[PDB]
Every structure is written in C-alpha cells, then in structure tokens.
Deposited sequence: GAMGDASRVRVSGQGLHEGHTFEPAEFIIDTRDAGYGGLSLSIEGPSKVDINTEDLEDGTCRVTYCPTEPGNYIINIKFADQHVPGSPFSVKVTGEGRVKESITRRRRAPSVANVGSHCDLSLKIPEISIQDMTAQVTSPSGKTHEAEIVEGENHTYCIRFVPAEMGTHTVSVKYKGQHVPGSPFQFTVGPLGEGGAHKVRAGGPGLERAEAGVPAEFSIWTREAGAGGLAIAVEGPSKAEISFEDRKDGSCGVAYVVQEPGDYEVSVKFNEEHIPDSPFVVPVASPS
C-alpha cells in the first residue's frame, strides 16, 4: 500500500558537492502513499546528514562531506530503491592527506669563475644566454661562464646531432618561474597504483641549474615516498600509499603544473 516509484528526488546535492560545504536535496514522498524512508550516503568517509520536514509535505536533506571523491546516495521507500537511486555524487576538494617531496637547486650568484663544472671529442657545444646571445663553448664537462642571470639553453652535439640530454636549460639566479611546459614525465605510477605496492615514475626537467620540482600525492591516506636524482639528470619517484582510493599525483615545476599534472591515479587494494 505504498509505491516507491512515485517518490521524487531533486536538488544539486544529488550529483555534486564540495568539501565542508552543505549539499542539499528534497525528497518528495507525497504521491508514494504509505511507507518508510531509508537513506544512506556511502563514500570515502561517513557524512553528517540533516533532514527538515517542509511545509508542503516535503523533506529537505542536507549533508556535509569532509573528503572529496565519488559518493552514492541510497534512497529507499518501503525497503525499495526509488527511481534514480542510487545517485552518483562527485565531491571536489582537497584530499585529506597531501604528501610531497620537493627538490630545489639554488645558485644565486654569477661570478666570472670557471673553477667548476656545472655542465668522442668531435663535439660542438653552444650556449644561449637569456638575452638570446648564442656562443660556442669549450668541452661530461662544459666550460662556460654565465655573465647573465636567467634561463640559459645549452646544446651539446656530436657529428652535429644532439647527445643524450641535449638540448637542456641552465638557470642562474633568482628562480621566479617558468619551464613547466618543457618538463617530461612517465611511469605506471602516473595512471594507477596498488595499496602498499611501490609505484614508480620518472621526471625529466632538463634543468641543469636553479629550479624547483614538487611532487605531491593527495588522497585519502598517508604515502611513503622516495626520490632519486639520477646520473642522466632525470628524477625517479616512487610512492607507496596505504589505502585504496582516488588519489592525485601532481608534478609542479617552479610552481606550475607540468603538462598532464595533476594525474588522476586510482589505487586498488592488494
């Protein structure tokens, strides 16, 4: 003597929410006759819920999600799911844990001193200063003395072809920004992971001088992470995450997202 299909549910909170912001929907039971309402909201965490019997025999439901991601709202009437139920809700916001490692090189001065080496002998090496002046460099180990501050470009060629790692950049002085677009990344840790199993990827910033590279994993639990600078100038990153869920791995170079960052990374259980 009730009819679940006559139950109507509407409102933004049926499809969309935001972290620490109330999401709301109306349950209209007026045409459903006799029967009880049961309601649950399942997702990354349990969600506080409020209801208000409105004047017009309607019931306003208000919920507050504390963690982003994919939720579902179960609405049953007389132990039967109503039309549209369960409703998929996507909740945007900051993951609850953000785990980052951020690698920086600073070199705040220029000084006409070639007492160092910051950078099979038929090799041509050229350097282009920030002001665009290109000049040939002596030669492993390139001897060029920057006179200018800013991002330099450095190309090393054998037979007139670039070697491994060339062309690259060499920034001296105060960092500010820029260069994120030319940064590269790849590895399975950038599209999926398994809880408790290391997930790797590599980064090539092509920056031989000053720069800042921030790798972050944001999502429902803690991460263990490791980072290695490699001989070739690349970066290895590995992370182990504690719980299954939807995570975000972001690579920022001098404060800007590299081209596919942040990468959505579903993490499965063991």
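Undergrad: Mind pulling out the bits of the deposited sequence that never got modelled, as residue ranges from 1?
TA: According to the deposited record, C-alpha coordinates are absent for 1-2, 122-129, 150-156, 288, which together make up the missing parts.
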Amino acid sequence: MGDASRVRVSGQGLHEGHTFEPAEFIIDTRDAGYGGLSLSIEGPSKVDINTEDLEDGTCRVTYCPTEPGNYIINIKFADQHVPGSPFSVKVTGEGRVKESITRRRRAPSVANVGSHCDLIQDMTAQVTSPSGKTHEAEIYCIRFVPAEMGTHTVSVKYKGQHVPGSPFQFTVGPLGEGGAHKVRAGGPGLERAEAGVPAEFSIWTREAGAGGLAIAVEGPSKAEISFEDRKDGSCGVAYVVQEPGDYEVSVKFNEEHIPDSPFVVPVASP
From here on, numbers count along this sequence of modelled residues.
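Undergrad: Tell me which stretch, 152-160 or 67-75, has the higher mean Cα B-factor listed in the entry.
TA: Higher mean C-alpha B-factor: 67-75.
Undergrad: Going by the average Cα B-factor in the PDB entry, point out whether 164-172 or 108-116 comes out higher.
TA: For C-alpha atoms only, the mean B-factor is higher in 108-116.
Undergrad: Ranking every modelled residue in this chain by its Cα temperature factor as given in the entry, which third contains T134?
TA: It belongs to the highest third of the chain when residues are ordered by C-alpha B-factor.
Undergrad: Give the position of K182 by CA B-factor within its chain, expressed as the lowest, middle or highest third.
TA: It falls in the top third of the chain.
Undergrad: So where's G17 on the chain's Cα temperature factor ranking, which third?
TA: Tercile = highest for this residue's CA B-factor.
Undergrad: Going by what the PDB entry lists, where does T58 fall on CA B-factor within its chain: lowest, middle or highest third?
TA: CA B-factor rank for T58: highest third.
Undergrad: Can you tell me which third, lowest, middle or highest, the CA B-factor of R192 falls into for its chain?
TA: Its C-alpha B-factor, which the entry lists for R192, ranks in the middle third among residues of this chain.
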